[PDB]
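S.K.: The structure follows.
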Amino acid sequence: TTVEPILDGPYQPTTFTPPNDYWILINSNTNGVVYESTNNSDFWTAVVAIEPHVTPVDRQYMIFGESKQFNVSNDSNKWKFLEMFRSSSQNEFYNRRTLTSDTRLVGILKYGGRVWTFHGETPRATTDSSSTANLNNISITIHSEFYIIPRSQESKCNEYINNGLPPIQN
Amino acid sequence: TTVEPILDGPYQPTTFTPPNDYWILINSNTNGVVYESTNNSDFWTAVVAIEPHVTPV
Amino acid sequence: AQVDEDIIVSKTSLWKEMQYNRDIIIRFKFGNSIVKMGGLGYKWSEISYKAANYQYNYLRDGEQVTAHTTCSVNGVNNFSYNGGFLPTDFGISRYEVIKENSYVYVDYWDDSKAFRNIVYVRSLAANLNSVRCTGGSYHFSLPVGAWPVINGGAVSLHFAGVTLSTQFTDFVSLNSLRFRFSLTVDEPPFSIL
Amino acid sequence: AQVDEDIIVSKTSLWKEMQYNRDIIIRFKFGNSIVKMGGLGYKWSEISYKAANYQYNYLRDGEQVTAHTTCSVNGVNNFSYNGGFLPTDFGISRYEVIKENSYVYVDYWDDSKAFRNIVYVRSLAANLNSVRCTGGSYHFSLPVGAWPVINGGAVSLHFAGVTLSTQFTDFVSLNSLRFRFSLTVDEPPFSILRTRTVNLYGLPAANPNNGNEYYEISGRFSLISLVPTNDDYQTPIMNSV
Amino acid sequence: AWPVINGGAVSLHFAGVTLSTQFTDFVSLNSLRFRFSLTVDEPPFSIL
Amino acid sequence: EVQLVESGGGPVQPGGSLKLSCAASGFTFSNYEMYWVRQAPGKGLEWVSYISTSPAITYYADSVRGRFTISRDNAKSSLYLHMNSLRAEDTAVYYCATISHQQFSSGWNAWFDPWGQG
Amino acid sequence: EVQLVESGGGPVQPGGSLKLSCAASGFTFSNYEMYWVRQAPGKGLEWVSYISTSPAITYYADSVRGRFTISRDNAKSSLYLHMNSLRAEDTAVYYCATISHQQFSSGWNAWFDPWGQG
């Protein structure tokens with residue numbers, strides 16, 4: 001008799017289209033961009049993770065291949081996750097807020113033609129939702145490590161966001 | 001009795017320092033750069049793969 | 001106590017030793033257990049043999065014989081194939097196979113007197129026909145890309161031996177007769193497509 | 001022929017059913033097999049129990065008793081861990097553990113009268129002392145980074161039954177007595193250090209001996225075999241000094 | 001298991017001498033023949 | 001192997017009506033899209049319909065508005081087109097298919113040549 | 001856990017001689033490098049030695065030339081330093097260590113805090 005692994009494994013920073021009903025949780029290894037979602041039609045979103053206690057700076061990131069700039073700042077001692085949002089090729093980079101934590105984790109999901117994402121501050125964090133047409137045909141690409149969880153267990157997905165990566169006792 | 005896998009696995013495009021006594025074989029998926037090596041001290045090297053019948057550019 | 005001790009529970013009695021030489025028709029169907037892996041639905045953690053039970057009857061000089069058997073495997077080889085490491089990639093963490101190394105067991109029993117008289121034994125020999133066991137085809141339901149399909153597989157069963165296992169628990173004996181078959185592989189080779 | 005058939009191969013005889021009530025000391029040491037995987041040396045393909053043989057002897061009412069046993073496991077759970085997918089990453093494709101679902105078998109035999117008379121049996125009962133099996137530590141020799149180490153693991157053996165396997169090869173018998181023990185887990189839980197899976201109940205195959213030469217169990221051994229022994233009849237009339 | 005024959009004993013007691021001859025290879029040796037009786041003894045012969 | 005089967009062919013009265021069927025066997029057909037294309041002499045194949053994981057959203061091509069209609073059944077694993085009363089240009093061979101672009105790694109080809117005979 | 005043991009300390013006559021040792025237990029110590037560093041008052045710790053997978057390649061710091069010398073015993077898994085006849089600035093605590101930078105993925109901390117007591 002075989003048992004399941006405790007978590008579905010730290011997969012590698014790939015680009016693909018995760019089907020629906022699946023939480024994708026990501027932990028960051030470098031600084032800056034962690035991931036970006038889009039559909040290339042009417043939705044382009046990315047995130048940047050920034051170390052706590054950083055000055056307001058217009059930093060340059062290799063986003064979407066063509067390197068673009070935007071402002072980032074943080075005062076809290078916890079990490080900050082600034083989302084960047086755009087709904088058109090011709091548009092301003094609507095810098096949208098946010099998610100903060102010390103777990104160093106982020107999380108996205110697809111459900112009911114709506115993209116859900118974790119938001120707020122741990123342990124108080126929660127999920128919020130964004131709408132978009134033909135959302136089923138979106139794509140994601142990652143730059144750090146990430147797991148997968150089925151949708152049925154938000155009870156421990158949100159607990160992972162609160163304190164994920166169950167203890168690694170030395 | 002457990003049998004060895006026929007190949008060691010199609011691992012992913014990462015950076016690391018492979019120890020000695022080991023061939024690293026790579027198959028290309030895209031165009032352009034396939035891999036680069038360097039000691040960052042006195043040796044830098046890279047490769048680029050190009051499709052057959054491409055003009056001097 | 002730490003000491004030897006004997007008694008006699010009952011005085012002597014007569015026992016005849018006799019030969020029963022019947023013909024037998026053992027039929028059995030393998031058992032396969034398949035289980036997912038926690039993920040998108042591209043990794044199969046286990047596809048392995050499992051003990052498969054089956055009951056039936058047949059005719060033997062008219063006397064309807066009811067037979068009941070369970071088949072299993074031992075010495076099974078286990079191949080671990082990893083097509084790709086991405087979450088999207090298709091993978092089988094471990095799939096079982098049988099080879100020259102392996103053996104296949106089939107426990108058999110029957111309620112006719114010819115079998116009921118098998119509690120004690122001074123000898124037991126038998127000879128069986130050689131048969132070929134072939135493999136079906138399985139569609140790995142994969143929610144993207146072309147479905148991989150497994151096909152082929154063929155082995156031959158040669159007789160290897162017989163054994164009698166006898167569990168004891170408080171004066172009542174749970175017995176079981178078990179036929180051990182050796183394997184010799186044969187074409188066509190199997191292949192996951 | 002294709003027909004039912006019985007022949008008598010002898011005529012009747014005489015047998016008693018004598019009781020042998022001895023006591024027994026079974027000691028056994030587990031066995032583990034560890035194998036690499038083709039690569040840098042961070043993926044271990046197998047760490048599983050294996051058949052482990054062991055001989056010894058002891059004293060029992062003076063007459064020296066030589067004993068020979070082989071232990072193995074059945075119903076073994078097979079866990080798997082993947083700390084990462086890179087070549088550099090660490091992984092165990094399959095490691096064996098034992099749980100309440102699992103049984104543990106110990107084949108045992110001896111060249112004493114009581115055991116040599118076990119060819120025919122009407123009933124074989126016995127009671128044994130339950131014992132604790134503890135798991136030692138194993139340093140996963142890793143050619144980079146901090147070595148993971150496994151620790152803990154504690155179970156208890158309870159008596160489940162006794163079995164007599166008897167192979168036949170052209171009228172000669174190759175027998176083997178086997179003791180089946182059920183398992184009941186116990187603290188402390190085992191855990192692979194510097195790793196996800198922590199505080200799990202069981203006993204992995206990494207270091208079951210725990211540095212001990214053997215795990216010992218004592219008990220009583222009741223056999224009701226069917227001897228061929230006479231009753232002092234069937235012997236010539238001048239049977240005397 | 002190794003079968004074991006063991007035990008059994010008798011006692012030779014002399015009873016009467018006569019003439020006799022060994023038909024030995026090289027010649028026939030005229031000789032004395034001693035006819036000993038028998039007496040079964042304590043150790044009970046067994047086929048253990 | 002992977003098999004696409006279809007049916008519904010024959011003479012068609014313009015101003016008439018009939019039904020076209022294209023079922024699929026060898027793949028999931030829940031995480032794929034499905035289209036239709038009419039092939040003919042050198043005008044060339046062109047897009048007709050669009051269904052992709054049923055968002056209650058679809059699209060239609062120029063010469064098919066209204067008088068075509070589409071249906072995607074996951075259960076039966078097929079595309080069902082009901083056809084009525086169009087111009088004679090519809091004389092053609094109809095093809096059902098879907099090209100799948102998701103980054104399968106090496107070690108196994110999840111790739112189709114995705115074309116039913118039509 | 002991982003452990004570093006070392007020996008050879010005390011008072012030393014300048015112009016004298018002794019043998020310093022730093023063995024390691026808990027890790028491979030074949031694919032790692034090894035350094036030595038003298039630590040002292042606020043002049044700060046300094047680089048001394050460098051052996052890295054023994055290519056017949058080594059390096060020394062300014063004050064240690066000649067009168068220090070190094071050996072990397074893989075047999076006993078240790079660094080063996082022979083010490084003679086240098087300036088009184090050598091009064092210090094000598095430390096053996098190695099920091100490793102290879103991108104181990106998540107799921108397990110393969111990281112050291114790689115400092116013996118000295």
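In the structure tokens, chains take letters A, B, ... by order of appearance, with residues numbered from 1 within each chain and ligands from 1 in the order shown.
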Could you superimpose chain G onto chain F using all C-alpha atoms, paired one by one in order, and tell me the resulting RMSD in Å?
M.R.: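 Across the paired C-alpha atoms, the RMSD reaches 0.3 Å.
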S.K.: Using only C-alpha atoms, find each residue of chain E with at least one atom at most 6 Å away from an atom of chain D; report its shortest atom-to-atom pair and that distance in Å (one decimal), sort the rows by chain and rising residue number, and return the result as JSON lines.
M.R.:
{"residue": "E:40", "atom": "CA", "partner": "D:241", "partner_atom": "CA", "distance": 5.5}
{"residue": "E:41", "atom": "CA", "partner": "D:241", "partner_atom": "CA", "distance": 5.3}
{"residue": "E:42", "atom": "CA", "partner": "D:241", "partner_atom": "CA", "distance": 5.9}
S.K.: Give me a file of those residues, with N, CA and C atoms, as a PDB file, in the first residue's frame.
M.R.:
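Saved file out-v5.pdb follows:
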ATOM      1  N   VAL E  40      21.218 -62.701  25.057  1.00  0.00           N
ATOM      2  CA  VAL E  40      20.873 -61.309  24.812  1.00  0.00           C
ATOM      3  C   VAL E  40      21.073 -60.506  26.093  1.00  0.00           C
ATOM      4  N   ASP E  41      21.462 -59.243  25.934  1.00  0.00           N
ATOM      5  CA  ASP E  41      21.954 -58.409  27.024  1.00  0.00           C
ATOM      6  C   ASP E  41      21.149 -57.112  27.119  1.00  0.00           C
ATOM      7  N   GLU E  42      21.567 -56.258  28.056  1.00  0.00           N
ATOM      8  CA  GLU E  42      20.745 -55.130  28.491  1.00  0.00           C
ATOM      9  C   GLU E  42      20.405 -54.121  27.400  1.00  0.00           C
TER      10      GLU E  42
END
S.K.: One decimal, in Å: what's the spacing between CA of residue 81 (chain F) and CA of residue 22 (chain F)?
M.R.: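 CA of residue 22 (chain F) lies at a distance of 8.6 Å from CA of residue 81 (chain F).
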S.K.: What are the residues of chain C that have an atom within 12 Å of an atom of chain F, counting only C-alpha atoms, as number ranges by chain?
M.R.: C: 40-42, 81-91, 137-151, 192-193
S.K.: Would you please give, as a ChimeraX atom specification, all residues of chain F that DSSP assigns to strand (DSSP E) based on the backbone?
M.R.: /F:4-7,17-24,33-39,46-52,59-60,68-69,72-73,78-84,93-95
S.K.: Could you save those same residues with C-alpha atoms as a tab-separated table (two decimals), in the first residue's frame?
M.R.:
chain	number	residue	atom	x	y	z
F	4	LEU	CA	-11.52	10.95	-35.78
F	5	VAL	CA	-14.80	9.72	-37.29
F	6	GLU	CA	-17.39	11.80	-39.11
F	7	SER	CA	-20.61	11.49	-41.08
F	17	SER	CA	-31.08	21.26	-44.19
F	18	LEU	CA	-29.01	18.42	-42.74
F	19	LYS	CA	-26.67	17.46	-39.88
F	20	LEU	CA	-22.89	16.92	-39.74
F	21	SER	CA	-21.12	14.86	-37.07
F	22	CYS	CA	-17.45	14.56	-36.05
F	23	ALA	CA	-16.59	12.38	-33.03
F	24	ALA	CA	-13.11	11.83	-31.58
F	33	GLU	CA	-10.71	23.54	-28.50
F	34	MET	CA	-12.54	22.56	-31.66
F	35	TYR	CA	-13.19	24.34	-34.94
F	36	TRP	CA	-14.43	23.64	-38.44
F	37	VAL	CA	-12.89	24.45	-41.81
F	38	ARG	CA	-14.30	24.04	-45.32
F	39	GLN	CA	-11.79	22.99	-47.98
F	46	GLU	CA	-10.65	28.97	-43.59
F	47	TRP	CA	-11.93	29.24	-40.04
F	48	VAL	CA	-15.64	28.59	-39.41
F	49	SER	CA	-16.45	27.99	-35.73
F	50	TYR	CA	-14.82	28.21	-32.32
F	51	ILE	CA	-15.55	26.35	-29.09
F	52	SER	CA	-13.03	26.17	-26.24
F	59	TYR	CA	-17.35	32.70	-32.57
F	60	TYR	CA	-18.52	32.36	-36.18
F	68	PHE	CA	-24.69	27.20	-39.31
F	69	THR	CA	-24.91	26.19	-35.72
F	72	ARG	CA	-19.82	20.46	-28.46
F	73	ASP	CA	-20.57	17.32	-26.43
F	78	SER	CA	-17.95	14.99	-30.53
F	79	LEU	CA	-18.85	18.12	-32.47
F	80	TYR	CA	-22.37	18.30	-33.91
F	81	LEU	CA	-23.17	20.92	-36.57
F	82	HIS	CA	-26.72	21.59	-37.73
F	83	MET	CA	-26.70	23.08	-41.23
F	84	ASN	CA	-29.48	24.85	-43.12
F	93	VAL	CA	-15.18	18.95	-47.70
F	94	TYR	CA	-15.64	19.85	-44.04
F	95	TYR	CA	-12.81	19.21	-41.59
S.K.: Write out as a count of residues only the residues lying within 6 Å of region 96-98 of chain C, counting only C-alpha atoms and excluding same-chain residues fewer than 2 positions away.
M.R.: 5
S.K.: Of the residues C:55, C:130, C:80, C:112, which is the one nearest to residue 5 (chain B), using only C-alpha atoms?
M.R.: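 Ranking C:55, C:130, C:80, C:112 by distance to residue 5 (chain B), first place goes to C:80.
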S.K.: Please, which residues of chain D lie no more than 9 Å from chain C when the count uses only C-alpha atoms, and can they be set out as a ChimeraX atom specification?
M.R.: /D:2-23,60-61,85-86,93,119-125,160-173,220,224,230-231
S.K.: Of the candidates D:52, D:65, D:34, D:131, which shows the shortest atom-to-atom distance to chain B, using only C-alpha atoms?
M.R.: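 Under the stated criterion, the closest residue is D:34.
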S.K.: Could you list, as a ChimeraX atom specification, every residue of chain D that has an atom within 8 Å of an atom of chain A, counting only C-alpha atoms?
M.R.: /D:75-85,193-198
S.K.: Within 8 Å of region 154-163 of chain A, counting only C-alpha atoms, which residues show up once you throw out same-chain ones fewer than 2 positions away? Write them as a tab-separated table (two decimals) with N, CA, C and O atoms, in the first residue's frame, please.
M.R.:
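result08.tsv was written with the following content:
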chain	number	residue	atom	x	y	z
A	23	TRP	N	-5.22	25.18	-7.37
A	23	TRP	CA	-4.37	26.21	-6.80
A	23	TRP	C	-2.93	25.98	-7.24
A	23	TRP	O	-2.40	24.87	-7.12
A	103	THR	N	5.96	34.38	4.76
A	103	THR	CA	6.10	33.02	4.26
A	103	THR	C	6.88	32.98	2.96
A	103	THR	O	7.49	31.95	2.64
A	105	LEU	N	5.47	33.33	-0.11
A	105	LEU	CA	4.61	32.51	-0.95
A	105	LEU	C	3.56	33.37	-1.65
A	105	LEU	O	3.17	34.43	-1.17
A	106	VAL	N	3.10	32.87	-2.81
A	106	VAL	CA	2.08	33.52	-3.61
A	106	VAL	C	1.17	32.41	-4.15
A	106	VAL	O	1.58	31.25	-4.22
A	107	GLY	N	-0.06	32.77	-4.51
A	107	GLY	CA	-1.00	31.76	-4.97
A	107	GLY	C	-2.10	32.24	-5.90
A	107	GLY	O	-2.76	33.26	-5.63
A	118	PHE	N	-4.31	35.18	-3.94
A	118	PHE	CA	-4.18	35.58	-2.55
A	118	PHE	C	-3.73	37.03	-2.43
A	118	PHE	O	-3.03	37.57	-3.30
A	122	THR	N	-0.33	38.16	5.92
A	122	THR	CA	-0.40	37.01	6.80
A	122	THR	C	-0.28	37.46	8.26
A	122	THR	O	0.42	38.43	8.56
A	123	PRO	N	-0.96	36.78	9.19
A	123	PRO	CA	-1.90	35.66	9.08
A	123	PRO	C	-3.29	36.08	8.61
A	123	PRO	O	-4.16	35.23	8.46
A	124	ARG	N	-3.48	37.38	8.37
A	124	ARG	CA	-4.78	37.92	8.03
A	124	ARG	C	-5.14	37.75	6.57
A	124	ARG	O	-6.23	38.15	6.16
A	125	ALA	N	-4.25	37.16	5.77
A	125	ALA	CA	-4.42	37.13	4.32
A	125	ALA	C	-5.73	36.46	3.93
A	125	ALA	O	-6.37	35.76	4.72
A	126	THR	N	-6.13	36.69	2.69
A	126	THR	CA	-7.35	36.13	2.13
A	126	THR	C	-7.16	35.96	0.63
A	126	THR	O	-6.04	36.02	0.13
A	149	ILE	N	-1.98	22.26	-5.93
A	149	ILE	CA	-2.94	21.68	-4.99
A	149	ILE	C	-4.30	21.64	-5.68
A	149	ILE	O	-4.62	22.55	-6.46
A	151	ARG	N	-8.41	22.15	-5.89
A	151	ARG	CA	-9.26	23.21	-5.34
A	151	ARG	C	-9.99	22.79	-4.07
A	151	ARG	O	-10.37	23.66	-3.28
A	152	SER	N	-10.19	21.49	-3.85
A	152	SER	CA	-11.10	21.03	-2.81
A	152	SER	C	-10.63	21.38	-1.40
A	152	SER	O	-11.43	21.25	-0.46
A	165	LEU	N	4.97	25.72	3.51
A	165	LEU	CA	6.23	25.01	3.62
A	165	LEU	C	6.31	24.43	5.02
A	165	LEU	O	7.04	24.97	5.86
A	166	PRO	N	5.53	23.39	5.33
A	166	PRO	CA	5.51	22.83	6.70
A	166	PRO	C	6.91	22.60	7.23
A	166	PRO	O	7.85	22.41	6.44
S.K.: Quote the spacing between CA of residue 73 (chain D) and CA of residue 181 (chain D) in Å to one decimal place.
M.R.: 9.6 Å
S.K.: Just the helix (DSSP H, G or I) stuff from region 42-118 of chain F, please, per backbone DSSP, written as a compact mmCIF listing (two decimals) with N, CA and C atoms, in the first residue's frame.
M.R.:
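Once written, selection-v6.txt looks like this:
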# COMPACT_ATOMS: atom_id res chain seq x y z
N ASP F 62 -17.46 34.42 -41.53
CA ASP F 62 -18.24 35.39 -42.30
C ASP F 62 -19.46 34.74 -42.95
N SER F 63 -19.27 33.64 -43.67
CA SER F 63 -20.30 33.08 -44.53
C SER F 63 -21.12 32.01 -43.84
N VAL F 64 -21.15 32.01 -42.50
CA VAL F 64 -21.81 30.97 -41.73
C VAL F 64 -22.74 31.52 -40.66
N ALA F 88 -24.56 28.09 -52.61
CA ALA F 88 -23.95 26.92 -53.23
C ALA F 88 -22.45 26.83 -52.97
N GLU F 89 -21.82 27.89 -52.47
CA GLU F 89 -20.40 27.84 -52.17
C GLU F 89 -20.06 26.79 -51.12
N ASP F 90 -21.05 26.34 -50.35
CA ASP F 90 -20.81 25.33 -49.32
C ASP F 90 -20.42 23.97 -49.90
